[PDB]
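Trainee: Before we start, here is the structure in question, set down as structure tokens.
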Amino acid sequence: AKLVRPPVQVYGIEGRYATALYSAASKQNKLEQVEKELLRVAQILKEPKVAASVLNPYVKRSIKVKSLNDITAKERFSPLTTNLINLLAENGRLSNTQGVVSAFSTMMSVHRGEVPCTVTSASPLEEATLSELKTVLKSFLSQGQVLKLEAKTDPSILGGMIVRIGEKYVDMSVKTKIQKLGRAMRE
Amino acid sequence: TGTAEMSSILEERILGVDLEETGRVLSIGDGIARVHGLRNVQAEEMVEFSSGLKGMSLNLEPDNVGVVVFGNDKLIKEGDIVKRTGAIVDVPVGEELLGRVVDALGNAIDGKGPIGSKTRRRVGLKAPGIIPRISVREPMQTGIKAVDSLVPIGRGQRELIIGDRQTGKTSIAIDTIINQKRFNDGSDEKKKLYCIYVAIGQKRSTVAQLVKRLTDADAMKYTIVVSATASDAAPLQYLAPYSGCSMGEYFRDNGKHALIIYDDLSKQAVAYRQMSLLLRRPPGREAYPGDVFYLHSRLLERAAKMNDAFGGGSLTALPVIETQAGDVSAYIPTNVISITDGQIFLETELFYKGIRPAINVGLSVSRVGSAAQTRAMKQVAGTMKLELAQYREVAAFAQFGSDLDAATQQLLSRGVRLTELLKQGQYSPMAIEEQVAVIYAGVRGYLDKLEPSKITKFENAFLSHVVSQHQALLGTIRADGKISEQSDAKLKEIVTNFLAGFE
Amino acid sequence: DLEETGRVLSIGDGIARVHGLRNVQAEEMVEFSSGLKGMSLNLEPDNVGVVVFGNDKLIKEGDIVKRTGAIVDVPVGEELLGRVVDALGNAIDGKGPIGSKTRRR
Amino acid sequence: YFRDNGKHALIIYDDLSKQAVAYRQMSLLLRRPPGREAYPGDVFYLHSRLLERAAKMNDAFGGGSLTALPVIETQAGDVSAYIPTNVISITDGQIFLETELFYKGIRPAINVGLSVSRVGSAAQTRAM
Amino acid sequence: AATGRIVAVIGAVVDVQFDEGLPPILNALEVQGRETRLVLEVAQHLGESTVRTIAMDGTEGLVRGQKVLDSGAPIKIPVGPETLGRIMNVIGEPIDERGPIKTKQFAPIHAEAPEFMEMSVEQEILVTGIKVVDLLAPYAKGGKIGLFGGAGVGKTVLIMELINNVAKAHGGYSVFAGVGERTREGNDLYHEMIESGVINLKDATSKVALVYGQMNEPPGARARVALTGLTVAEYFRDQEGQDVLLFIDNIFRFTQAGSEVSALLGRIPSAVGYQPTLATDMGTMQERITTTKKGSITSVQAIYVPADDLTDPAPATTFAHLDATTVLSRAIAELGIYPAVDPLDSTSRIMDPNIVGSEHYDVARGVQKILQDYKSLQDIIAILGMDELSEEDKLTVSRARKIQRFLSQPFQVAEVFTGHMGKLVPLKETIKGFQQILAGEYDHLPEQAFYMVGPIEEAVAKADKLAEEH
Amino acid sequence: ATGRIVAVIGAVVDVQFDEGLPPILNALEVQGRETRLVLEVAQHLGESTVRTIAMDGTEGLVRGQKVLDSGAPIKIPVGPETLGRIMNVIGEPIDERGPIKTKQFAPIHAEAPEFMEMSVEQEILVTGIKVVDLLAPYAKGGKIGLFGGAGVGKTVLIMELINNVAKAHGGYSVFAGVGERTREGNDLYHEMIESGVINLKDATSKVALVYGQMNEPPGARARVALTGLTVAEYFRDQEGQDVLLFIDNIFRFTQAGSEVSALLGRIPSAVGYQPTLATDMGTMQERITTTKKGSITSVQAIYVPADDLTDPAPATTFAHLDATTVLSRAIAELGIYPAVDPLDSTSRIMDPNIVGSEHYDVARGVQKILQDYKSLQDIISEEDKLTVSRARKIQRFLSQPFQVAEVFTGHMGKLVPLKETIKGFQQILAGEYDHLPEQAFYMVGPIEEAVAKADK
Amino acid sequence: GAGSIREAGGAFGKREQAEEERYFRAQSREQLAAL
Ligand SMILES: Nc1ncnc2c1ncn2[C@@H]1O[C@H](COP(=O)(O)OP(=O)(O)OP(=O)(O)O)[C@@H](O)[C@H]1O
Ligand SMILES: Nc1ncnc2c1ncn2[C@@H]1O[C@H](COP(=O)(O)OP(=O)(O)O)[C@@H](O)[C@H]1O
Ligand SMILES: [Mg+2]
Ligand SMILES: [Mg+2]
């Protein structure tokens with residue numbers, strides 16, 4: 001049968017299971033319910049008691065499958081996520097669970113239209129200038145896009161700002177300009 | 001990571017078909033199909049693809065089945081449906097196959113209609129044990145003087161025809177097949193030999209020429225030809241020797257005697273190596289799998305002589321092996337030399353020195369030996385073998401032998417005479433009594449005064465002579481199996497008078 | 001307690017893959033539940049490869065591996081003179097144990 | 001550039017064995033599976049797509065040319081090695097040099113028995 | 001049709017993912033967005049709706065996500081009379097700059113081999129005019145020949161001589177396939193054929209079709225160009241009944257091309273670095289080059305022998321696919337003898353006294369026997385010297401050297417190399433000459449009179465002129 | 001413990017258990033089969049899965065088929081009831097004479113005897129054969145390489161060693177046909193029946209046969225030597241005997257181990273042999289030794305690949321060999337039987353500190369005079385004709401009639417004690433019989449029989 | 001292995017070729033003057 005490919009691509013065991021879940025949920029158009037349910041099961045398994053019990057190789061696989069069935073039925077989970085956790089526990093990829101979640105999450109991050117944005121600067125920028133920066137960077141995107149901005153600070157660029165919007169990249173740091181002047185004087 | 005972890009299977013499991021008797025192709029490449037499901041399939045079981053192609057389940061893995069395809073890859077795509085047949089591979093057997101040319105699965109490829117056989121036999125049955133067998137005791141006549149005298153083969157033996165390319169191996173096999181016409185026509189039912197020629201990895205033109213040659217000699221009415229040619233799938237070239245072996249075991253199990261020629265086992269080993277390397281089985285020396293010796297040994301141990309409580313039948317095997325520059329220490333030559341009961345070794349230097357068949361008697365050996373001969377051939381061939389061994393000892397002194405003592409010169413002369421006596425023409429096998437007469441003339445000394453270049457001529461003329469005017473002594477030697485003293489005197493008189501009147 | 005003890009994940013090819021032993025040192029002697037000993041060869045993010053000084057027949061998947069806290073060492077001294085020992089310093093001549101006060105890596 | 005402008009050029013690759021070694025390093029570090037002597041499967045393509053670019057052009061394309069003199073170092077005189085046989089099958093002839101001929105006083109140590117020019121007298125002056 | 005996307009590019013291997021309609025194996029795919037035509041041949045179905053493909057051209061400039069279109073069939077080339085006098089490449093495009101090849105029919109380059117009932121058992125000698133070939137290993141009409149030789153022994157010169165002789169003595173639409181060989185040689189052959197009237201640029205009555213994939217091509221093109229030429233010849237044989245000649249130089253490259261992608265197709269190496277599927281690939285390609293009852297295909301294949309091995313898996317696997325193997329020896333080429341055919345290593349399936357006659361067979365066998373005896377006597381010469389042999393041994397050595405010289409023959413296509421003029425010696429002239437040298441009728445003539453001549457009359461004339469001058 | 005097949009690849013079977021994983025080297029029984037299929041554990045793969053090598057064919061195996069854990073390694077019946085019978089690698093009878101009704105079963109995997117169980121000084125094993133006992137004696141608990149194959153009377157020498165060790169020492173024999181040709185196995189069985197070594201009617205059988213056929217998977221061929229060694233170990237450790245163990249062939253044991261290791265995916269070592277070649281050979285051969293109860297002396301047929309004695313398989317086998325018996329056709333075609341080559345057969349206990357000074361000096365004199373005779377024959381003086389005469393008489397006196405041939409030849413068989421051999425060759429070397437003719441020594445036992453044949 | 005001395009191209013194959021060429025060039029000069 002034809003499979004529905006997510007807007008972004010993730011690979012590996014986690015990427016494969018996440019693509020499977022995304023296809024199986026977009027068919028029943030239940031993406032947000034399974035999103036919140038995957039966050040719920042991630043918070044559940046991350047708890048140290050379960051993270052120690054069901055991540056144990058010297059206890060039988062069927063016992064941990066039964067305990068996962070218990071913990072997914074008791075918390076009122078959809079059949080999709082239920083047999084997804086059952087499949088993860090059957091193949092033995094429970095350790096990849098969080099990974100799957102992560103993969104799924106970033107898929108939805110681009111299904112909502114959230115593009116990462118890094119704004120490196122030599123100093124913490126000004127808030128009104130930051131708002132103007134967000135406003136003008138809105139113009140680098142199509143419709144249904146939202147900047148997820150993380151203006152980390154690196155004081156080694158000596159000034160300016162280095163902006164990365166998804167994979168687009170402008171290098172307005174003054175250090176780049178000085179290195180270009182150096183290469184121009186030496187060559 | 002994982003063959004059955006494809007996004008389609010996982011998405012179908014997340015969504016929530018028979019995976020017992022039915023499966024789906026996860027991948028297909030180079031003749032190997034990784035199939036999902038088929039949880040009830042057996043090892044080495046035949047399966048059916050949706051396009052009609054057949055396959056064999058060789059790798060049973062936890063999440064997929066490795067199926068080798070009996071055809072072309074293009075007719076199989078991802079997601080095709082595979083069905084079980086519930087049975088291990090088996091071929092049709094019986095006398096209905098005599099005179100037919102079939103493929104590795106017993107399907108007629110000569111257009112003469114469907115094989116009307118009633119019995120089927122599994123291709124992978126085990127050989128007879130220790131007790132069902134008896135010692136190899138009766139001659140399998142090839143009609144070739146060098147073989148029948150110095151490298152004798154018995155019914156139930158496994159004699160390897162080994163040599164470089166274009167040395168005369170197929171010619172020895174075909175002469176042996178043609179020879180059995182005198183026994184299959186006659187009334188003595190314990191001398192009848194039914195032949196099977198398995199052709200692995202040859203041209204279709206070569207097999208057509210061979211079938212024409214066997215039809216012209218009227219040797220096809222008792223011959224089965226199994227051909228898995230060079231354009232056939234590696235599974236078919238792998239399976240053809242076992243199909244032929246089952247066809248011959250049908251005769252071995254019913255008190256009859258069969259001979260089988262695997263031409264050749266090198267190409268079957270190559271096909272099996274390809275199938276194994278593509279299934280990702282751990283390669284060994286020359287990339288061959290670990291169980292290629294097991295392959296050829298369980299194939300060749302099925303040729304056996306049965307005891308009288310099991311019908312008394314037999315199956316003789318003549319595997320063929322092509323060496324590269326005479327290298328018998330290569331992997332597959334080593335295995336097959338280790339498995340068999342001796343080897344007829346052919347050379348290129350002997351071939352171009354005028355010695356045809358180019359049988360190297362120093363390197364050839366039969367471990368059954370004189371137990372596979374008649375008393376007359378014993379009488380003459382013991383002396384001939386001793387004399388040729390002495391000649392081989394002193395042969396390096398030739399081209400100087402005129403300056404050596406009388407003993408060395410006599411060894412050299414007798415050796416050259418006997419060597420000229422073992423030459424033979426293609427597609428003309430001799431009866432055992434005519435071979436006995438010729439070897440008698442050679443070893444008793446009635447050729448020493450003759451010139452070497454004349455020996456052949458003598459051996460021809462004499463033969464015609466003894467066939468016309470001395471059929472009584474030939475019949476006596478053939479019916480008694482030995483040269484009686486009266487027969488010895490009659491032979492002596494015939495040969496001395498012919499040589500007295502010979503030019 | 002997966003800091004001083006581990007469980008055998010796999011055994012074969014003379015190597016035992018062990019789960020646990022989070023505080024084991026590289027080249028440290030470990031003691032298997034069957035009485036055999038081993039050396040921690042590969043410290044990995046999720047297992048320890050252990051070279052087994054003995055037969056893999058005596059070690060099963062799921063066996064307990066304790067750690068001795070000592071890098072592989074043998075008993076040394078004057079007390080070994082006249083004795084026949086194996087590669088680990090255990091006397092194989094039946095004359096009783098070795099009364100050594102010193103060990104050496 | 002010269003070949004395509006009616007001019008004539010000569011190129012020496014000294015040597016192609018070390019280029020094969022560097023390509024093998026790149027391929028093995030790119031995790032491409034090794035072949036004979038660990039060389040990548042397409043080392044012949046590596047050298048043939050290079051040595052086919054030496055050519056003589058006709059008049060419609062300028063009449064320029066590019067001659068190529070690749071160099072190959074053999075180990076102990078083993079002409080039968082992988083890369084030597086590749087490059088020998090590619091080129092239009094070989095100039096075989098020998099250590100025995102070198103030390104016997106024959107300098108340059110060209111082995112006229114083995115050294116062949118597939119073009120031959122077609123590319124000589126009439127006097128020569 | 002189906003549209004997929006390029007997801008991986010490693011060398012000449014391209015993985016393409018399809019959403020709907022996975023294409024079968026062996027189909028041709030067109031890469032969209034390229035100025036020149038790039039065809040990808042499907043090799044494997046990897047699962048995950050992805051196929052792996054081999055590129056017929058270079059993969060530089062390919063992008064992940066580039067669109068690919070399914071043709072719905074294997075590589076289809078134009079077939080018919082209109083291919084004669086043209087040069088086409090692996091995918092059927094004209095590369096002689098003379099416009100489109102307008103044929104009424106296209107044929108897929110992947111087809112099944114003829115069945116067993118379609119074989120023909122007729123064997124008839126094809127006289128070539130070359131003494132050693134005609135005598136010791138004659139060719140057959142409609143048989144597969146094969147020319148084995150290392151680098152620089154004379155495979156190309158011999159195949160051009162055979163082209164000249166046979167394909168001008170022929171009227172049946174010859175075909176030449178250049179597989180992984182030099183481009184200079186292809187240009188040379190093209191202009192030789194244009195000059196000798198075999199190819200007709202105007203007044204289109206040519207009688208040879210040309211297919212060329214040379215050394216600069218990626219492994220896929222060099223692996224499929226032999227099949228393209230085979231397909232042209234197959235059309236000429238089946239769709240017209242004509243008797244066809246097929247000259248493949250060099251067929252080893254075919255095998256070699258496969259090896260160059262094997263590891264990239266995910267296959268564990270076999271022996272000597274070859275693909276595991278060497279024998280079955282060679283078999284599926286070679287079993288289509290055959291004479292059926294529908295028509296005849298006389299195939300002459302040049303086979304490169306790496307490092308003069310002949311036990312290498314590629315020549316050793318090719319040996320069983322031929323009917324008359326001619327083996328070129330470097331040791332004979334070093335003796336100055338040309339063609340460098342090895343008399344004690346070349347074999348024909350029609351060297352049978354019930355096919356060629358008892359006189360021809362006896363002369364050939366006597367030549368081979370005297371040459372083997374010469375080989376044996378050379379050791380005694382090495383230890384003792386030539387002045388210690390029985391007079392009959394000296395006679396054997398003298399006649400063997402004379403037979404060696406007389407086996408050499410000057411070629412028409414070698415006049416630039418040799419300087420001598422070409423000779424085309426009939427069959428009975430060859431048999432008579434060698435019969436007389438074997439009988440001893442020229443023990444008085446010097447051995448250097450038989451070297452590089454035609455029939456035995458030229459040998460006597462050369463001996464006379466030598467005696468006059470020397 | 002019950003598990004189920006999770007993978008079948010050729011002769012390798014992965015079996016998954018749900019409780020009680022079986023240790024390595026345990027035998028598992030596949031359920032629901034017409035014939036007994038036994039798997040042997042090789043590795044623990046993790047996730048309660050073990051990998052196993054099959055002892056028989058794996059065709060018809062289904063993923064999920066039940067497999068029972070036997071609880072021990074392959075156990076074979078051990079006792080005097082195995083004498084004269086044939087069993088395969090897993091101990092079941094393959095001669096169709098009924099079950100082997102022993103009282104005890106022994107596992108084929110056992111550790112070699114400990115350090116304090118070894119014998120500290122080497123003794124000689126007297127075989128009653130003159131050339132062997134004199135020139136290349138066998139040591140108790142040693143290994144002997146038997147060179148030479150067909151046409152040199154290998155089977156006659158094997159059966160005579162069986163008969164002579166049964167008579168002189170009271171110790172039984174085991175014959176392990178590793179990689180045995182079924183035709184030659186039937187032949188050997190019937191030559192042993194005709195020569196009385198095997199008796200199908202009473203309990204006077206001297207040898208027990210264990211056949212691992214050439215058409216069996218490499219695991220069976222790799223464990224049949226251990227099966228035979230287990231039978232011999234019973235006869236040594238429970239009855240204090242000096243057992244003989246024949247291994248034909250030992251190269252096939254190495255070859256089967258190499259094939260098994262290749263099937264398990266292990267990286268081949270040099271020349272393609274298993275990486276565990278030396279340790280496999282060692283774990284097999286170290287069980288062949290003299291303990292305080294009895295001993296096991298092993299005669300092992302050596303095949304040399306490509307005539308290369310530095311090949312890893314012979315080079316590893318030769319590290320364990322204590323003696324060598326070379327059967328030559330140049331000696332058989334000369335008329336001497338047994339066809340032992342007296343100048344190529346060697347021994348490690350041919351040492352004055354082991355066999356004494358007298359034995360060593362007699363053997364060295366015999367070997368020196370035989371080498372001298374070879375040298376003199378090369379050039380064909382004063383006393384060199386006397387050396388030729390004495391050496392020809394020594395060659396004749398190396399011959400011996402065997403008991404296992406009495407039915408075919410009529411000549412009575414001779415079991416010459418060691419002292420009589422030593423003194424006979426000593427006397428021939430001194431010159432005490434320089435008047436007796438040449439053929440008075442051919443095919444006799446002690447030297448008294450030579451003088452009694454010279455009288456006639 | 002017939003003709004393997006000359007085939008190995010050693011110091012013995014070169015002298016064999018030299019001997020053959022010397023002898024047969026002498027014989028060719030002897031046979032040409034008598035023609
Ligand atoms: N006894 C003979 N006398 C004369 N010619 C012979 C004889 N035996 C074989 N030949 C010829 O030698 C040639 C090669 O023999 P043949 O093909 O049968 O052997 P082969 O080893 O199977 O060849 P290939 O390498 O193709 O498999 C044939 O042309 C055959 O006719
Ligand atoms: N028949 C011949 N006569 C004279 N010289 C020849 C002949 N054949 C080959 N040669 C010489 O050997 C060289 C190699 O030619 P070629 O046919 O390309 O060999 P190959 O194709 O096998 O590598 C030629 O350039 C020529 O110098
Ligand atoms: Mg053949
Ligand atoms: Mg060429």
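Residue names in the structure tokens use chain letters A, B, ... in the order shown, residue numbers from 1 in each chain, and ligand numbers from 1 in the order shown.
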Taking only C-alpha atoms into account, which residues of chain A are within 12 Å of chain C, as a list in words?

Mentor: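 Using only C-alpha atoms, chain A residues at most 12 Å from chain C: residues 52, 55, 56, 57, 58, 59, 60 and 95 of chain A.
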
Trainee: Using only C-alpha atoms, I'd like every residue of chain B that has an atom within 12 Å of chain G; please write them out as a compact mmCIF listing (two decimals) with C-alpha atoms, in the first residue's frame.

Mentor:
# COMPACT_ATOMS: atom_id res chain seq x y z
CA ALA B 325 46.93 -24.81 -15.73
CA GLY B 326 46.94 -28.28 -14.19
CA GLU B 347 47.03 -33.45 -20.26
CA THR B 348 47.59 -30.90 -23.01
CA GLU B 349 51.16 -31.95 -23.78
CA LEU B 350 50.00 -35.54 -24.21
CA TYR B 352 49.51 -32.34 -28.82
CA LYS B 353 52.19 -35.06 -28.74
CA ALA B 396 63.82 -39.43 -19.52

Trainee: Which residue, A:146, A:163, A:133, A:1, has the smallest gap to residue 111 (chain A) when you use only C-alpha atoms?

Mentor: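 Between A:146, A:163, A:133, A:1, the residue approaching residue 111 (chain A) most closely is A:146.
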
Trainee: Quick one: of D:100, D:15, D:37, D:4, who's nearest to residue 64 (chain D), counting only C-alpha atoms?

Mentor: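 Checking each of D:100, D:15, D:37, D:4 against residue 64 (chain D), counting only C-alpha atoms, the winner is D:4.
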
Trainee: Pull out every residue of chain A that has at least one atom within 9 Å of chain B, counting only C-alpha atoms, and report them as a ChimeraX atom specification.

Mentor: /A:1-3,12-13,16-25,79-87,91

Trainee: Considering only C-alpha atoms, return as a ChimeraX atom specification whatever protein or nucleic-acid residues lie within 9 Å of residue 70 (chain C), sequence-local ones (same chain, fewer than 3 positions apart) excluded.

Mentor: /C:25,27-30,67,73,105

Trainee: Counting only C-alpha atoms, which residue out of B:284, B:319, B:425, B:445 sits closest to chain F?

Mentor: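 Distance minimum relative to chain F lands on B:284.
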
Trainee: Using only C-alpha atoms for the distances, tell me which of E:133, E:179, E:14, E:328 is nearest to residue 342 (chain E).

Mentor: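 Of E:133, E:179, E:14, E:328, the one nearest residue 342 (chain E), counting only C-alpha atoms, is E:328.
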
Trainee: Once you count only C-alpha atoms, which residues of chain D turn out to be within 10 Å of chain E? Could you give them as number ranges by chain?

Mentor: D: 30, 32-38, 40-56, 78-82, 84-86, 88-94, 113-114, 116-122

Trainee: Just the residues within 9 Å of region 464-469 of chain B, please, counting only C-alpha atoms, with nothing from its chain fewer than 5 positions along; format it as a count of residues only.

Mentor: 6

Trainee: From the DSSP assignment of the backbone, select every residue of region 42-265 of chain E that is strand (DSSP E or B), and format the answer as a ChimeraX atom specification.

Mentor: /E:42-47,50-55,67-70,76-79,84,87-88,94,105-108,119,125-126,139-140,144,147-149,174-179,208-213,243-249

Trainee: For ligand 4, list the contacting residues at 7 Å or closer, counting only C-alpha atoms and all ligand atoms, as a list in words.

Mentor: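 The residues near ligand 4 are residues 155, 156, 181 and 250 of chain E.
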
Trainee: Keeping only N, CA, C and O atoms, take the residues you just selected and write them out as a compact mmCIF listing (two decimals), in the first residue's frame.

Mentor:
# COMPACT_ATOMS: atom_id res chain seq x y z
N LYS E 155 45.39 -8.53 -31.11
CA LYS E 155 43.96 -8.79 -31.19
C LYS E 155 43.26 -7.81 -32.12
O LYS E 155 42.43 -8.19 -32.94
N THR E 156 43.59 -6.52 -31.99
CA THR E 156 42.93 -5.51 -32.81
C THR E 156 43.34 -5.63 -34.27
O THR E 156 42.49 -5.54 -35.17
N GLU E 181 37.08 0.04 -25.39
CA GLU E 181 38.38 0.09 -26.04
C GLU E 181 38.71 1.54 -26.40
O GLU E 181 37.99 2.47 -26.04
N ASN E 250 36.35 -4.78 -27.05
CA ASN E 250 36.81 -6.06 -26.52
C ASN E 250 35.78 -6.56 -25.51
O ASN E 250 35.27 -5.77 -24.73

Trainee: Got a sec: who's within 10 Å of residue 19 (chain G), counting only C-alpha atoms, leaving out chain neighbours fewer than 2 positions off, as a list in words?

Mentor: residues 381, 382, 384, 385, 386 and 387 of chain E; 13, 14, 15, 16, 17, 21, 22, 23, 24 and 25 of chain G

Trainee: Write out the residues from the selection above, keeping C-alpha atoms, as a tab-separated table (two decimals), in the first residue's frame.

Mentor:
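What follows is the written file out-v1.tsv:
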chain	number	residue	atom	x	y	z
E	381	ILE	CA	69.41	-27.89	-27.09
E	382	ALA	CA	69.68	-25.62	-24.04
E	384	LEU	CA	73.84	-29.74	-24.89
E	385	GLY	CA	73.78	-27.31	-27.80
E	386	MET	CA	72.55	-27.86	-31.33
E	387	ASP	CA	75.64	-29.83	-32.42
G	13	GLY	CA	66.82	-19.89	-22.36
G	14	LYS	CA	68.85	-17.01	-23.77
G	15	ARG	CA	71.80	-19.29	-24.49
G	16	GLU	CA	69.45	-21.87	-26.03
G	17	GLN	CA	68.07	-19.22	-28.37
G	21	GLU	CA	70.15	-18.93	-34.06
G	22	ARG	CA	73.90	-19.45	-34.51
G	23	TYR	CA	73.50	-23.00	-35.80
G	24	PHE	CA	70.66	-22.19	-38.17
G	25	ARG	CA	72.21	-19.00	-39.53

Trainee: At a cut-off of 9 Å around ligand 1, and using only C-alpha atoms and all ligand atoms, what residues come up? Please write them as a PyMOL selection string.

Mentor: (chain B and resi 144+162-174+202+206+263-264+320-322+346+351+354-358+423-428) or (chain E and resi 319-323+347-352)

Trainee: Using only C-alpha atoms, determine which residues lie at most 10 Å from residue 5 (chain D), disregarding the query and same-chain residues fewer than 5 positions distant; provide the list as number ranges by chain.

Mentor: D: 61-65

Trainee: When you look at residue 216 (chain F) with a cut-off of 12 Å (counting only C-alpha atoms), what residues show up, excluding the ones that are within fewer than 5 positions of it in the same chain? I need them as a ChimeraX atom specification.

Mentor: /B:126-127,129,291,293-301 /F:11,54-58,88-89,178-182,211,221-224,256

Trainee: For the residues in that selection, give me C-alpha atoms as a CSV table (one decimal), in the first residue's frame.

Mentor:
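Final output, saved to out_19.csv:
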chain,number,residue,atom,x,y,z
B,126,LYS,CA,20.5,-39.2,1.5
B,127,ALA,CA,22.9,-41.8,0.1
B,129,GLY,CA,24.5,-46.3,4.3
B,291,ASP,CA,29.8,-26.2,2.8
B,293,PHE,CA,32.7,-29.8,0.1
B,294,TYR,CA,29.5,-30.9,1.8
B,295,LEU,CA,27.7,-30.0,-1.5
B,296,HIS,CA,29.8,-32.2,-3.7
B,297,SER,CA,30.3,-35.0,-1.1
B,298,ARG,CA,26.6,-35.5,-0.5
B,299,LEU,CA,26.1,-35.4,-4.3
B,300,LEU,CA,28.8,-38.0,-5.0
B,301,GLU,CA,28.2,-40.4,-2.1
F,11,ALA,CA,23.9,-26.4,8.7
F,54,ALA,CA,23.6,-29.4,13.0
F,55,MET,CA,24.8,-33.0,13.1
F,56,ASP,CA,22.6,-34.0,10.2
F,57,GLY,CA,20.8,-32.3,7.3
F,58,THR,CA,18.5,-29.3,8.1
F,88,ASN,CA,27.9,-42.5,14.1
F,89,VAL,CA,28.9,-39.2,15.7
F,178,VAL,CA,36.5,-39.1,10.1
F,179,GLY,CA,35.3,-38.1,6.7
F,180,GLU,CA,35.0,-41.7,5.7
F,181,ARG,CA,34.1,-42.8,2.2
F,182,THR,CA,31.0,-45.0,2.6
F,211,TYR,CA,32.0,-43.6,11.3
F,221,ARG,CA,32.8,-34.8,10.8
F,222,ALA,CA,34.3,-32.4,13.4
F,223,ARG,CA,32.9,-34.4,16.3
F,224,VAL,CA,33.3,-38.0,15.2
F,256,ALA,CA,35.8,-30.2,9.1
